Amino acid sequence: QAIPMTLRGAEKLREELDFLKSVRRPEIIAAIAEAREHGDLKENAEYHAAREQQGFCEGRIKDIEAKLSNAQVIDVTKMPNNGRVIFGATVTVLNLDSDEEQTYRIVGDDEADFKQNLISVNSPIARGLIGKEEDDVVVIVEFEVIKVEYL
Numbered sequence: 002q003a004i005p006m007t008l009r010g011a012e013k014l015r016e017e018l019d020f021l022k023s024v025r026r027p028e029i030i031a032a033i034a035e036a037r038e039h040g041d042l043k044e045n046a047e048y049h050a051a052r053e054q055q056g057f058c059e060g061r062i063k064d065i066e067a068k069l070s071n072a073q074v075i076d077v078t079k080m081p082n083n084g085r086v087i088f089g090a091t092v093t094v095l096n097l098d099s100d101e102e103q104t105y106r107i108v109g110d111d112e113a114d115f116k117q118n119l120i121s122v123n124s125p126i127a128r129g130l131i132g133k134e135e136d137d138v139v140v141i148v149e150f151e152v153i154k155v156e157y158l
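Under the authors' numbering, read the sequence shown as residues 2 to 141, 148 to 158, first letter to last.
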């Protein structure tokens with residue numbers, strides 16, 4: 002139960018925990034202190050919006066602590082490039098049919114953002130590539152792993 006997470010991604014998680022803990026949390030409690038000066042809490046809109054945000058953002062905190070409590074932080078920059086796809090690598094794949102060439106970065110779930118070509122290890126494309134190496138054609148259809156870079 003060690004949970005793989007890249008350095009970029011973990012620094013991004015740790016970044017966040019601070020802003021939420023150090024900037025937003027206070028801001029939210031001052032917002033609540035404030036609307037409390039107006040009593041009638043039941044119908045206090047600014048109070049309910051502030052309390053809403055408190056749950057919203059505190060859950061994100063409880064989450065990041067856990068996430069980071071479980072992490073296995075991988076830095077692929079420190080390993081000799083074998084040409085084999087590992088978790089954290091950057092992979093150029095070529096769709097042998099359409100001839101569609103894309104480069105992706107295999108990452109953990111909190112860091113995953115496929116729209117930004119950052120693919121969660123728990124995805125069909127990461128899965129078909131993980132363990133392959135440049136040249137390996139993989140019938141996941149078929150894509151060719153054009154280049155493996157540890158960045």
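Don't be surprised by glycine CBs; every beta carbon is placed ideally from N, CA and C.
Cα-Cα separation between residue i and residue j, rounded to whole angstroms
i    : j    : result
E135 : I87  : 12 Å
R128 : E16  : 28 Å
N71  : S121 : 17 Å
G56  : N45  : 17 Å
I75  : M6   : 6 Å
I33  : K13  : 28 Å
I30  : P125 : 42 Å
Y48  : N118 : 39 Å
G84  : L95  : 16 Å
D110 : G132 : 19 Å
Top-ranked residue by Cα proximity to residue i, from the options
i    : options                 : result
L158 : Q55, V140, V108 and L42 : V108
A3   : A50, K68, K22 and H39   : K68
Limits of the unbroken alpha helix (DSSP H) element including residue i
i   : result
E35 : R26 to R37
Contact belief for residue i with residue j at Cβ below 8 Å, rounded distance in angstroms
i    : j    : result
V152 : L130 : 6 Å
Residue i: first and last residue of the uninterrupted beta strand (DSSP E) it sits in
i    : result
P5   : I4 to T7
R106 : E101 to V108
At least 3 beta-carbon pairs within less than 8 Å: the segment 10-29 vs the segment 46-64: yes
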